[PDB]
file coords_1.txt (compact mmCIF, C-alpha atoms)
# COMPACT_ATOMS: atom_id res chain seq x y z
CA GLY I 1 -11.08 10.91 -13.16
CA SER I 2 -14.55 11.16 -14.70
CA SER I 3 -14.76 11.46 -18.48
CA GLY I 4 -16.89 14.59 -18.60
CA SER I 5 -20.07 16.19 -17.28
CA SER I 6 -22.93 14.62 -19.23
CA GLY I 7 -21.22 12.55 -21.91
CA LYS I 8 -19.94 12.42 -25.48
CA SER I 9 -21.32 9.20 -26.96
CA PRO I 10 -23.13 9.07 -30.35
CA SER I 11 -26.87 8.39 -30.48
CA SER I 12 -26.64 6.53 -33.80
CA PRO I 13 -23.90 4.70 -35.77
CA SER I 14 -22.61 7.60 -37.88
CA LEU I 15 -19.19 8.24 -39.42
CA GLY I 16 -17.39 10.71 -41.66
CA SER I 17 -18.86 8.97 -44.70
CA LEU I 18 -20.40 5.51 -45.01
CA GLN I 19 -23.69 6.05 -46.84
CA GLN I 20 -22.74 7.69 -50.13
CA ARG I 21 -23.65 6.63 -53.67
CA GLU I 22 -20.87 4.59 -55.27
CA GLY I 23 -18.38 6.43 -53.08
CA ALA I 24 -14.71 5.46 -52.93
CA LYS I 25 -11.28 6.71 -51.87
CA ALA I 26 -9.24 5.42 -54.81
CA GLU I 27 -9.99 4.65 -58.46
CA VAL I 28 -8.93 2.40 -61.34
CA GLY I 29 -5.59 3.49 -62.75
CA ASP I 30 -4.02 4.90 -59.59
CA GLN I 31 -1.23 3.82 -57.25
CA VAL I 32 -2.53 2.35 -54.00
CA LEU I 33 -1.29 0.42 -50.96
CA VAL I 34 -2.95 -2.78 -49.76
CA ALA I 35 -2.83 -3.06 -45.97
CA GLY I 36 -0.30 -0.24 -46.01
CA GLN I 37 2.34 -2.61 -47.36
CA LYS I 38 1.75 -4.19 -50.77
CA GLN I 39 1.98 -1.41 -53.36
CA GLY I 40 -0.18 -1.85 -56.45
CA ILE I 41 -2.56 -0.21 -58.91
CA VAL I 42 -6.33 -0.67 -59.05
CA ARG I 43 -7.28 -2.46 -62.27
CA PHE I 44 -10.88 -3.44 -61.51
CA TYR I 45 -13.23 -1.73 -59.06
CA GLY I 46 -16.58 -3.37 -58.37
CA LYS I 47 -18.62 -5.66 -56.13
CA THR I 48 -17.51 -9.29 -56.16
CA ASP I 49 -19.46 -12.53 -55.77
CA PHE I 50 -17.35 -14.24 -53.10
CA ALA I 51 -17.69 -11.27 -50.74
CA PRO I 52 -20.27 -8.45 -50.37
CA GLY I 53 -19.63 -4.72 -50.56
CA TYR I 54 -17.06 -3.31 -52.98
CA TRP I 55 -13.51 -4.47 -53.69
CA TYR I 56 -10.41 -3.32 -55.58
CA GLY I 57 -8.77 -5.73 -58.00
CA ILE I 58 -5.27 -4.30 -57.63
CA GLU I 59 -2.43 -6.05 -59.46
CA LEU I 60 0.99 -6.79 -57.96
CA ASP I 61 4.44 -6.68 -59.55
CA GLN I 62 5.77 -9.96 -58.15
CA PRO I 63 4.01 -13.37 -57.92
CA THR I 64 2.56 -12.90 -54.43
CA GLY I 65 -1.13 -12.20 -54.93
CA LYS I 66 -4.17 -13.91 -53.43
CA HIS I 67 -5.31 -15.23 -56.82
CA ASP I 68 -4.51 -15.22 -60.53
CA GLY I 69 -7.06 -12.61 -61.54
CA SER I 70 -10.05 -14.91 -61.08
CA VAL I 71 -11.55 -15.55 -57.64
CA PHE I 72 -13.40 -18.83 -57.17
CA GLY I 73 -14.00 -18.92 -60.91
CA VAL I 74 -15.25 -15.34 -61.07
CA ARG I 75 -12.92 -13.22 -63.20
CA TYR I 76 -12.57 -9.44 -62.91
CA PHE I 77 -9.31 -8.42 -64.60
CA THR I 78 -6.34 -9.90 -66.46
CA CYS I 79 -3.11 -10.25 -64.49
CA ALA I 80 -0.06 -12.48 -64.08
CA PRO I 81 -0.13 -15.70 -61.99
CA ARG I 82 -0.70 -14.72 -58.36
CA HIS I 83 -0.70 -10.94 -58.86
CA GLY I 84 -4.24 -9.66 -58.42
CA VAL I 85 -5.28 -8.76 -54.88
CA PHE I 86 -8.77 -7.83 -53.68
CA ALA I 87 -8.85 -5.80 -50.47
CA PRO I 88 -11.42 -3.43 -48.86
CA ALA I 89 -10.96 0.25 -49.72
CA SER I 90 -10.69 1.04 -46.02
CA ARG I 91 -7.97 -1.60 -46.08
CA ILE I 92 -6.30 0.06 -49.07
CA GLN I 93 -4.47 3.40 -49.25
CA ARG I 94 -3.64 5.99 -51.92
CA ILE I 95 -0.15 7.00 -53.06
CA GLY I 96 -0.81 9.33 -55.98
CA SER I 97 -2.97 12.45 -55.99
CA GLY I 98 -2.62 13.70 -59.56
CA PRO I 99 -2.62 11.71 -62.84
CA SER I 100 -1.58 14.83 -64.76
CA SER I 101 0.59 17.10 -62.60
CA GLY I 102 4.16 18.30 -62.23
call {"tool": "encode", "arguments": {"input": "coords_1.txt", "output": "structure tokens"}}
result
Amino acid sequence: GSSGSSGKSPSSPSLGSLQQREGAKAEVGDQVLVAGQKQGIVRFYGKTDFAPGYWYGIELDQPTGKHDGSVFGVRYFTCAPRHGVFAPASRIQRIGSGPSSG
């Protein structure tokens, strides 16, 4: 019983990193994982118009994307019909950690 003595709650909304300048986990031209399932590669990284914050225009291999490259008329990258998928970085994961290694 009883959590502790005094407490352990934060005074302000702070995290490991959520106030950097153009910060990001992945980058364009790297293998990622949308929602820890759909495996793709970031083709376009930048803020969209339909939604705030930043997004990753990752392209899929099979016709199963959210859109065909353009979202609500706004285009970001060129991809096959229903291939591009925009998901929050925090929602995306990284698979590769070295473009030139062996």
call {"tool": "atom_distance", "arguments": {"input": "coords_1.txt", "atom1": "atom CA of residue I:63", "atom2": "atom CA of residue I:80"}}
result
7.4 Å
call {"tool": "residues_around", "arguments": {"input": "coords_1.txt", "residues": "residue I:37", "least_positions_apart": "5", "cutoff": "10 Å", "atoms": "only C-alpha atoms", "output": "ChimeraX atom specification"}}
result
/I:32,92-93
call {"tool": "atom_distance", "arguments": {"input": "coords_1.txt", "atom1": "atom CA of residue I:81", "atom2": "atom CA of residue I:99"}}
result
27.5 Å
call {"tool": "residues_around", "arguments": {"input": "coords_1.txt", "residues": "residue I:86", "least_positions_apart": "4", "cutoff": "8 Å", "atoms": "only C-alpha atoms", "output": "PyMOL selection string"}}
result
chain I and resi 55-58+66
call {"tool": "residues_near_point", "arguments": {"input": "coords_1.txt", "point": "(-15.5, 5.4, -51.6)", "cutoff": "12 Å", "atoms": "all atoms listed in the file", "output": "list in words"}}
result
residues 16, 17, 18, 19, 20, 21, 22, 23, 24, 25, 26, 27, 45, 46, 53, 54, 55, 56, 88, 89, 90, 91, 92, 93 and 94 of chain I
call {"tool": "closest_residue", "arguments": {"input": "coords_1.txt", "among": "I:52, I:98, I:40, I:10", "to": "residue I:64", "atoms": "all atoms listed in the file"}}
result
I:40
call {"tool": "closest_residue", "arguments": {"input": "coords_1.txt", "among": "I:48, I:59, I:84, I:73", "to": "residue I:30", "atoms": "all atoms listed in the file"}}
result
I:59
call {"tool": "closest_residue", "arguments": {"input": "coords_1.txt", "among": "I:1, I:65, I:7, I:96", "to": "residue I:31", "atoms": "only C-alpha atoms"}}
result
I:96
call {"tool": "closest_residue", "arguments": {"input": "coords_1.txt", "among": "I:15, I:75, I:87, I:69", "to": "residue I:36", "atoms": "only C-alpha atoms"}}
result
I:87
call {"tool": "atom_distance", "arguments": {"input": "coords_1.txt", "atom1": "atom CA of residue I:82", "atom2": "atom CA of residue I:70"}}
result
9.7 Å
call {"tool": "closest_residue", "arguments": {"input": "coords_1.txt", "among": "I:29, I:35, I:4, I:49", "to": "residue I:97", "atoms": "only C-alpha atoms"}}
result
I:29
call {"tool": "closest_residue", "arguments": {"input": "coords_1.txt", "among": "I:47, I:3, I:33, I:74", "to": "residue I:60", "atoms": "only C-alpha atoms"}}
result
I:33
